[PDB]
Every structure is written in C-alpha cells, then in structure tokens.
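Dropping model.tsv in here (TSV, C-alpha atoms and all ligand atoms):
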chain	number	residue	atom	x	y	z
A	21	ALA	CA	141.85	8.02	-12.55
A	22	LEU	CA	144.92	5.83	-11.83
A	23	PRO	CA	148.26	7.07	-13.28
A	24	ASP	CA	150.28	5.09	-15.85
A	25	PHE	CA	152.91	3.48	-13.55
A	26	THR	CA	155.06	2.48	-16.62
A	27	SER	CA	155.47	6.01	-18.15
A	28	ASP	CA	158.78	7.96	-17.97
A	29	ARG	CA	156.85	10.95	-16.46
A	30	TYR	CA	155.61	8.73	-13.55
A	31	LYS	CA	158.99	6.96	-13.00
A	32	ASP	CA	160.83	10.36	-12.87
A	33	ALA	CA	158.45	11.78	-10.21
A	34	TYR	CA	158.49	8.40	-8.35
A	35	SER	CA	162.35	8.52	-8.20
A	36	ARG	CA	162.20	11.56	-5.86
A	37	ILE	CA	158.99	10.64	-3.91
A	38	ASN	CA	160.21	7.03	-3.24
A	39	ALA	CA	163.67	8.33	-2.17
A	40	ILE	CA	162.05	10.84	0.28
A	41	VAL	CA	159.95	8.04	1.87
A	42	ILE	CA	163.08	5.73	2.08
A	43	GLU	CA	165.19	8.56	3.68
A	44	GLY	CA	162.31	9.48	6.03
A	45	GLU	CA	162.26	5.89	7.37
A	46	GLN	CA	166.09	5.76	7.80
A	47	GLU	CA	166.05	9.13	9.65
A	48	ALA	CA	163.11	7.92	11.82
A	49	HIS	CA	165.25	4.86	12.84
A	50	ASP	CA	168.27	7.15	13.62
A	51	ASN	CA	166.00	9.59	15.56
A	52	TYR	CA	164.38	6.98	17.86
A	53	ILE	CA	167.87	5.52	18.64
A	54	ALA	CA	169.10	9.13	19.33
A	55	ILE	CA	166.06	9.76	21.65
A	56	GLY	CA	167.31	6.66	23.57
A	57	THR	CA	170.39	8.66	24.72
A	58	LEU	CA	167.97	11.31	26.17
A	59	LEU	CA	165.56	8.67	27.59
A	60	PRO	CA	167.68	5.63	28.73
A	61	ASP	CA	164.65	4.01	30.46
A	62	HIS	CA	162.83	4.06	27.03
A	63	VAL	CA	165.69	2.25	25.09
A	64	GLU	CA	163.85	-1.09	24.54
A	65	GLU	CA	160.58	0.49	23.24
A	66	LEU	CA	162.65	2.93	21.08
A	67	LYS	CA	164.69	0.00	19.65
A	68	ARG	CA	161.37	-1.80	18.81
A	69	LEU	CA	160.02	1.32	16.99
A	70	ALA	CA	163.40	1.78	15.17
A	71	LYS	CA	163.18	-1.85	13.90
A	72	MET	CA	159.63	-1.09	12.57
A	73	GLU	CA	160.97	1.80	10.42
A	74	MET	CA	163.74	-0.36	8.90
A	75	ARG	CA	161.00	-2.90	7.95
A	76	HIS	CA	159.10	0.02	6.30
A	77	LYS	CA	162.33	1.26	4.61
A	78	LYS	CA	162.78	-2.24	3.03
A	79	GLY	CA	159.09	-2.30	1.99
A	80	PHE	CA	159.33	1.13	0.31
A	81	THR	CA	162.70	0.18	-1.32
A	82	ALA	CA	160.82	-2.79	-2.93
A	83	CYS	CA	158.09	-0.37	-4.26
A	84	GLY	CA	160.70	1.50	-6.35
A	85	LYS	CA	162.41	-1.74	-7.52
A	86	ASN	CA	158.99	-3.20	-8.59
A	87	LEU	CA	158.38	-0.13	-10.84
A	88	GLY	CA	162.00	-0.31	-12.14
A	89	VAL	CA	162.77	3.07	-10.52
A	90	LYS	CA	166.18	4.19	-9.15
A	91	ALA	CA	165.60	6.31	-5.97
A	92	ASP	CA	167.23	9.80	-6.09
A	93	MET	CA	168.80	9.55	-2.58
A	94	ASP	CA	170.84	12.81	-2.92
A	95	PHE	CA	167.61	14.83	-3.49
A	96	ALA	CA	166.04	13.06	-0.43
A	97	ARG	CA	169.07	13.84	1.83
A	98	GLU	CA	168.94	17.56	0.89
A	99	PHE	CA	165.09	17.58	1.25
A	100	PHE	CA	165.44	16.44	4.91
A	101	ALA	CA	168.57	18.56	5.73
A	102	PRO	CA	166.82	21.61	7.41
A	103	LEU	CA	164.66	19.35	9.66
A	104	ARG	CA	167.59	16.92	10.35
A	105	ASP	CA	169.79	19.94	11.36
A	106	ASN	CA	167.13	21.22	13.85
A	107	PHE	CA	166.75	17.69	15.34
A	108	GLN	CA	170.59	17.40	15.80
A	109	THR	CA	170.73	20.89	17.46
A	110	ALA	CA	167.94	19.92	19.95
A	111	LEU	CA	169.63	16.50	20.58
A	112	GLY	CA	173.02	18.14	21.36
A	113	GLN	CA	171.29	20.57	23.78
A	114	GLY	CA	169.38	17.66	25.41
A	115	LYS	CA	166.01	19.11	24.32
A	116	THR	CA	163.84	15.93	24.51
A	117	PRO	CA	160.45	17.76	23.93
A	118	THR	CA	161.78	19.40	20.69
A	119	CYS	CA	163.21	16.03	19.45
A	120	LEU	CA	159.82	14.39	20.20
A	121	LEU	CA	157.72	17.14	18.53
A	122	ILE	CA	159.86	16.91	15.33
A	123	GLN	CA	159.93	13.09	14.93
A	124	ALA	CA	156.97	11.70	16.93
A	125	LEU	CA	154.45	14.45	16.00
A	126	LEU	CA	155.40	16.47	12.86
A	127	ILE	CA	157.19	13.72	10.84
A	128	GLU	CA	154.61	11.04	11.85
A	129	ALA	CA	151.60	13.27	10.91
A	130	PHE	CA	153.44	14.18	7.62
A	131	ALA	CA	153.95	10.40	6.89
A	132	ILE	CA	150.32	9.45	7.86
A	133	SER	CA	148.87	12.15	5.53
A	134	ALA	CA	151.23	11.13	2.66
A	135	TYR	CA	150.37	7.39	3.06
A	136	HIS	CA	146.56	7.98	3.34
A	137	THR	CA	146.62	10.23	0.19
A	138	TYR	CA	148.88	7.81	-1.78
A	139	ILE	CA	146.88	4.57	-1.05
A	140	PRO	CA	143.89	5.21	-3.49
A	141	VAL	CA	146.27	6.21	-6.37
A	142	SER	CA	149.03	3.58	-5.81
A	143	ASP	CA	149.96	0.50	-7.92
A	144	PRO	CA	148.81	-2.95	-6.50
A	145	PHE	CA	152.27	-3.88	-5.08
A	146	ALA	CA	152.85	-0.46	-3.43
A	147	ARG	CA	149.22	-0.37	-2.12
A	148	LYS	CA	149.69	-3.60	-0.04
A	149	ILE	CA	153.05	-2.28	1.34
A	150	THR	CA	151.61	1.19	2.26
A	151	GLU	CA	148.37	-0.31	3.75
A	152	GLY	CA	150.66	-2.68	5.69
A	153	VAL	CA	152.64	0.33	6.99
A	154	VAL	CA	149.51	2.24	8.27
A	155	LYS	CA	147.70	-0.91	9.66
A	156	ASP	CA	150.89	-1.53	11.81
A	157	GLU	CA	152.80	1.89	12.30
A	158	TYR	CA	152.03	2.18	16.13
A	159	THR	CA	149.94	1.52	19.37
A	160	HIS	CA	147.20	3.81	20.93
A	161	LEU	CA	149.60	6.37	22.45
A	162	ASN	CA	152.91	7.08	20.69
A	163	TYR	CA	156.28	7.16	22.59
A	164	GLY	CA	156.22	10.97	22.11
A	165	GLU	CA	152.44	11.78	22.44
A	166	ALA	CA	152.17	9.91	25.81
A	167	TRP	CA	155.54	11.38	26.97
A	168	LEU	CA	154.50	14.95	26.02
A	169	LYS	CA	151.08	14.48	27.76
A	170	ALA	CA	152.86	13.33	30.98
A	171	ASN	CA	155.49	16.15	30.84
A	172	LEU	CA	153.39	19.05	29.34
A	173	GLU	CA	153.53	21.44	32.36
A	174	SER	CA	157.38	21.46	32.36
A	175	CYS	CA	157.74	21.85	28.54
A	176	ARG	CA	154.82	24.07	27.28
A	177	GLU	CA	157.10	26.98	26.17
A	178	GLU	CA	159.71	24.70	24.49
A	179	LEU	CA	156.91	22.97	22.46
A	180	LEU	CA	155.48	26.32	21.22
A	181	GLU	CA	159.06	27.36	20.16
A	182	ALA	CA	159.73	23.93	18.50
A	183	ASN	CA	156.40	24.21	16.60
A	184	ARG	CA	157.19	27.85	15.52
A	185	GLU	CA	160.60	26.78	14.10
A	186	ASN	CA	159.67	23.35	12.63
A	187	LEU	CA	156.04	23.59	11.32
A	188	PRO	CA	157.08	26.07	8.48
A	189	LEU	CA	159.84	23.56	7.45
A	190	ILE	CA	157.11	20.87	6.98
A	191	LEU	CA	155.09	23.36	4.82
A	192	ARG	CA	158.20	24.19	2.67
A	193	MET	CA	158.89	20.40	2.32
A	194	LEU	CA	155.36	19.84	0.88
A	195	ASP	CA	155.71	22.88	-1.50
A	196	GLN	CA	159.03	21.39	-2.80
A	197	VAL	CA	157.37	18.03	-3.55
A	198	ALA	CA	153.78	19.13	-4.59
A	199	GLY	CA	154.64	18.89	-8.34
A	200	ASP	CA	155.91	15.27	-8.12
A	201	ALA	CA	152.93	14.38	-5.82
A	202	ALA	CA	150.50	15.74	-8.50
A	203	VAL	CA	152.17	13.47	-11.15
A	204	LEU	CA	151.41	10.55	-8.72
A	205	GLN	CA	147.72	11.79	-8.75
A	206	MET	CA	147.84	13.25	-5.19
A	207	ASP	CA	146.04	16.53	-4.37
A	208	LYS	CA	148.18	18.99	-2.29
A	209	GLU	CA	144.99	20.19	-0.45
A	210	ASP	CA	144.22	16.57	0.65
A	211	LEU	CA	147.82	16.32	2.02
A	212	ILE	CA	147.52	19.66	3.94
A	213	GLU	CA	144.03	18.76	5.34
A	214	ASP	CA	145.10	15.24	6.51
A	215	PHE	CA	148.36	16.52	8.08
A	216	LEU	CA	146.56	19.32	10.02
A	217	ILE	CA	143.84	16.89	11.28
A	218	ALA	CA	146.51	14.32	12.42
A	219	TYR	CA	148.63	17.11	14.04
A	220	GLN	CA	145.52	18.70	15.73
A	221	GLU	CA	144.48	15.24	17.10
A	222	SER	CA	147.94	14.61	18.68
A	223	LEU	CA	148.06	18.15	20.22
A	224	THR	CA	144.53	17.70	21.71
A	225	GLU	CA	145.70	14.35	23.19
A	226	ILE	CA	148.82	16.05	24.71
A	227	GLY	CA	146.62	18.62	26.52
A	228	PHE	CA	146.44	21.76	24.33
A	229	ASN	CA	143.11	23.64	24.01
A	230	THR	CA	141.38	24.88	20.77
A	231	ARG	CA	142.94	28.41	21.05
A	232	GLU	CA	146.50	27.04	21.66
A	233	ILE	CA	146.21	24.60	18.68
A	234	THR	CA	144.81	27.39	16.41
A	235	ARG	CA	147.82	29.64	17.34
A	236	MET	CA	150.19	26.64	16.76
A	237	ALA	CA	148.74	25.73	13.30
A	238	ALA	CA	148.98	29.49	12.40
A	239	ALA	CA	152.82	29.28	12.81
A	240	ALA	CA	152.92	27.49	9.35
A	241	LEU	CA	152.64	30.87	7.58
B	1	LIG	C1	151.29	22.22	6.73
B	1	LIG	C2	151.39	21.48	5.39
B	1	LIG	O1	152.19	20.30	5.54
B	1	LIG	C3	151.43	19.17	5.11
B	1	LIG	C4	152.37	18.05	4.65
B	1	LIG	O2	151.61	17.02	4.02
B	1	LIG	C5	152.37	15.81	3.90
B	1	LIG	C6	152.94	15.71	2.49
B	1	LIG	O3	153.97	14.72	2.44
B	1	LIG	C7	154.13	14.28	1.08
B	1	LIG	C8	155.57	13.85	0.84
B	1	LIG	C9	155.72	12.35	1.15
B	1	LIG	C10	156.88	12.14	2.13
B	1	LIG	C11	156.49	11.13	3.22
B	1	LIG	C12	157.49	11.21	4.37
B	1	LIG	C13	157.73	9.81	4.95
B	1	LIG	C14	158.40	9.93	6.32
B	1	LIG	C15	158.37	8.57	7.02
B	1	LIG	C16	159.02	8.69	8.40
B	1	LIG	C17	158.31	7.76	9.38
B	1	LIG	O4	158.27	8.01	10.58
B	2	FE	FE	157.68	4.56	9.22
B	3	FE	FE	157.22	6.32	12.10

Could you render the structure as structure tokens?
Amino acid sequence: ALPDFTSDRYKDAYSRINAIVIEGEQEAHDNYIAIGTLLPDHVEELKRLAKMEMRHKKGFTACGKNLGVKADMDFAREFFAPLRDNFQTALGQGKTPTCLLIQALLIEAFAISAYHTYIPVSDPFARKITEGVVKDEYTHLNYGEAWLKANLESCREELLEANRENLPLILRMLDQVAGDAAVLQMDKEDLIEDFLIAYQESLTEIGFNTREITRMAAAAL
C-alpha cells in the first residue's frame, strides 16, 4: 500500500532520500564536465548530458518542496564522499575508463534501479517528475557504454580494478539507506535485483562474457 506522504515518519526519511538524489544529480553534472577535460572531443555531448542532470536536480528539489521537506544536504555529501573521492583520484591520474565506470555505469544503474523501485510507491507530483526522468535520461548507447565498448581491449584490466574498488561502495551506500527506503515502501531486494540487471546489461553491451560479469558482480561481497 501507498505510504502516508504527510506523516513525520515519511518526511524524516524523505529528507535524506531526496537530498541523496539531489546531490547525485549535482555530482553527475560535475562528473560529466570533469570527463570533458579527459575527452576534449566529447565536450559538447558531455555539456548536453550535464544540462540534463541539472534539469533533474531542479525536478527532484521540487519533489521535496511539494511535500514540505527540507533536504538533509550534509548527510547526502557524506553519503557520496567515498565514491566522489575515488572519482577525483582517477580524474587526477587521467584514468578515463575508471571515471566512466563510476559515473556512466555504476551511478547510472544505481539511479535507474532507485527510480524504477520508487515510481509505484511515489506521490502523484513526484511520480510525474521521476517518470519524466527515466523516459528522458539518455539515448541508446551512453557516452560511457559506447566509449568502453570501443576502447575495451586497451582498458580491460583497469575496468576489473575499478569494479573491484567501486562496486562494494555502491553496496555499502544501499545498506546505509535501506531503512529510509523501507519507510518510503521500497524493498531492498527489488533495488539490488534491478541494479544488478542494469549493470549486467551494460557490461554485456561493452563486450564482457557471462563468466567475466559473474566474477565482476561477485566483487560486491
Ligand atoms: C549491489 C547493490 O547495490 C544496489 C543499489 O541499488 C540502488 C539503491 O539506490 C537507492 C538510493 C537512491 C539514490 C539514487 C541515486 C541518484 C543518483 C542520480 C545520479 C544520476 O546520474
Ligand atoms: Fe540524472
Ligand atoms: Fe545520469
């Protein structure tokens, strides 16, 4: 059944969830602009994708305002800190495949799963915004997916290392927010299932086989 969107219990859990989604969108904008320094020939497409995230950030900001909820931005900044730190380290080292696996694959699959799970349990205002985010988010092949498919043979080992370091951070992020997600009527198992399917699909597209993907998904533990 649908949660009571007016209760203090819902508003409290929404304050952290909403803030995480808002921060995720801001960091996605910053990340695609940062990737532009590593891929100067991709600047215009990256600027277009960065503008999409700011549109989503504004949409999700309005979701919190509509419910009369103040987003806990400090919690959101700390929530993203381990993953943000690893992105910055890869960026400074000029590690384009790592930067792309973090933002274009892991964060996008994390967002897709979250949005798909939230839609059937969301309030009418937030439902239209979220459905609008999914039915617009991107093209057939993502700036990262397509890039990683084209450059796989030169970056296979870096991708396996990036997955090993960053996939457990995504797992820990979900564990940290599973309680608040449950208040919003979202099942943790539905979030895990959807994320793994979306991540498996992108890896298959890039060029990894069943055995390689199995080994990669196993890095989460
Ligand atoms: C391996 C287990 O990990 C599964 C993670 O499932 C996803 C759970 O996410 C629920 C928290 C909601 C946060 C959404 C993040 C929004 C980020 C938007 C950035 C856009 O590019
Ligand atoms: Fe987004
Ligand atoms: Fe995105």

Atom-to-atom span, CA of residue 167 (chain A) and CA of residue 77 (chain A), Å: 25.5 Å

Within 12 Å of residue 85 (chain A) using all atoms listed in the file, minus same-chain residues under 6 positions, as an MDAnalysis selection string: chainID A and resid 31 34:35 38:39 78:79 91 145:146

Pull the closest atom pair for each residue of region 164-227 of chain A that gets at most 9 Å from region 101-113 of chain A, along with the distance in Å to one decimal, counting only C-alpha atoms, ordering rows by chain and then ascending residue number, as a tab-separated table.
residue	atom	partner	partner_atom	distance
A:185	CA	A:106	CA	8.6
A:186	CA	A:103	CA	7.1
A:189	CA	A:103	CA	6.8
A:190	CA	A:103	CA	8.2

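Residues in contact range of residue 43 (chain A), defined as at most 8 Å between all atoms listed in the file, with sequence neighbours fewer than 2 positions away removed, read residues 39, 40, 41, 45, 46, 47, 77, 93, 96, 97 and 100 of chain A.
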
Those selected residues, please, written with C-alpha atoms and delivered as a short mmCIF file (atom, residue, chain, number, x, y, z; two decimals), in the coordinates of the input.
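selection.cif written:
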data_model
loop_
_atom_site.label_atom_id
_atom_site.label_comp_id
_atom_site.auth_asym_id
_atom_site.auth_seq_id
_atom_site.Cartn_x
_atom_site.Cartn_y
_atom_site.Cartn_z
CA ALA A 39 163.67 8.33 -2.17
CA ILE A 40 162.05 10.84 0.28
CA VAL A 41 159.95 8.04 1.87
CA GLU A 45 162.26 5.89 7.37
CA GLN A 46 166.09 5.76 7.80
CA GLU A 47 166.05 9.13 9.65
CA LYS A 77 162.33 1.26 4.61
CA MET A 93 168.80 9.55 -2.58
CA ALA A 96 166.04 13.06 -0.43
CA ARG A 97 169.07 13.84 1.83
CA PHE A 100 165.44 16.44 4.91
#

Within 10 Å of region 148-151 of chain A using only C-alpha atoms, minus same-chain residues under 6 positions, as a PyMOL selection string: chain A and resi 76+78-80+82-83+134-136+138-139+142+157

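Of the residues under consideration (A:165, A:64, A:94, A:143), A:165 shows the shortest atom-to-atom contact distance to residue 126 (chain A) when counting all atoms listed in the file.
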
Nearby residues (only C-alpha atoms) at most 9 Å from residue 132 (chain A), same-chain spacing under 2 positions excluded, as number ranges by chain: A: 127-130, 134-137, 154, 214-215, 218

Between CA of residue 172 (chain A) and CA of residue 54 (chain A) - distance in Å to one decimal: 21.1 Å

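Across the model, the gap from CA of residue 192 (chain A) to CA of residue 161 (chain A) is 28.0 Å.
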
Spatial neighbours of region 196-202 of chain A, 9 Å, all atoms listed in the file, chain gap at least 2 places, as JSON, numbers by chain: {"A": [30, 32, 33, 34, 36, 37, 99, 138, 191, 192, 193, 194, 204, 205, 206, 207, 208]}

Proximity to ligand FE 2 (chain B) - best of A:153, A:22, A:63, A:121, only C-alpha atoms and all ligand atoms: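 Nearest candidate to ligand FE 2 (chain B) out of A:153, A:22, A:63, A:121: A:153.
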
Using all atoms listed in the file: which of A:122, A:58, A:175, A:48 has the shortest distance to ligand LIG 1 (chain B): A:48

Proximity to ligand FE 3 (chain B) - best of A:81, A:174, A:159, A:229, only C-alpha atoms and all ligand atoms: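 Among the listed residues, A:159 lies closest to ligand FE 3 (chain B).
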
Counting only C-alpha atoms, the residue of A:66, A:89, A:74, A:236 that sits nearest residue 184 (chain A):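 Looking only at the distances to residue 184 (chain A), the closest residue turns out to be A:236.
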